Every structure is written in C-alpha cells, then in structure tokens.
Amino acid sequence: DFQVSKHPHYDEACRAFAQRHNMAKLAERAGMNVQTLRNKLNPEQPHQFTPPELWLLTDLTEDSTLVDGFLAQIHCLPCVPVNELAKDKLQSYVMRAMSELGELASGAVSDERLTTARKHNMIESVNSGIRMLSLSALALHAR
C-alpha cells in the first residue's frame, strides 16, 4: 500500500542536495534564475520542482540525493541505476530470468529455518532475475 511518509524525507534531501553543490553554479548550468532554483529547493517555499526539472538537476549533478528523497517520501528505496545493452532477444531474457525465479521459488517453497547460504544464494537469482527483466524491457523497446 503506497502511503506518504510521516517524516519530511524529501525536504531533508532538498537541504542535503543544497550542501553538496554550488547552487549558483548549478542554476547557471540549468539556465534558471538562482533565486528560482533556491526557492524550489527550499522547504520554506511553496514552489516545487517539476518532474523534468528533477531529472535535469539529477543529470547535471550526477547526484541522486533529490530523487532518493522523492522516493523515500513514498517509502521507495533509493534509485538503482542501470547500464544495460540487449545483445540477445527479448525472448531469451524471459527464459533465463526463471532459472533465477525457479531457484528463488525452490528456497521459498520449503520454509523451515532460512539459511545464510540460501538467503545469500537466492539473492543472485533475484539480482540476476532483475537484470534479465531489465534486459527484457530494452529488447522490447527495440522492435
């Protein structure tokens, strides 16, 4: 159930993001007036960033601090960047994601003391399965 956090995670990240970079230099990078940028980043001011303005600042600074605070306000984990190229076919990512998923189900179906070796060994299947799914989306965008 998606819910807004009871703490100001986003505005705390807006403040943290302000400490990490020069706002005057950043505003001149983005083409914004420095006061307009400071107010949209200031929890004291009702002005907010647009979704595209969040990417551009994220892209210009290479800093996920703002995006992580936006995500934390709805209990989302911080952004996990991806850098993937689909060499094979959409089909092939679907099938290989299930050696992972099947091995994930194999450890979850028998629930009696969850191991360290299995808890570890089921997480590659998660991480490898996630990689196959993200590769499925890119190969689906191709054709």
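Numbering starts at 1 and follows the sequence shown.
Chemist: Mean Cα B factor from the PDB record: higher for 6 to 14, or higher for 130 to 138?
Modeler: If you average the C-alpha B-factors of 6 to 14 and of 130 to 138, the larger mean comes out for 130 to 138.
Chemist: Of 59 to 67 and 23 to 31, which one has the bigger average CA B-factor?
Modeler: Going by the record's values, the stretch with the higher mean is 23 to 31.
Chemist: Highest Cα temperature factor in the entry, among the options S106, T36, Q48, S92: which one is it?
Modeler: Within the set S106, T36, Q48, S92, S92 shows the top C-alpha B-factor.
Chemist: From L54, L41, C76, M98, pick the one with the largest CA B-factor in the entry?
Modeler: Spelled out: the listed residue with the top C-alpha B-factor is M98.
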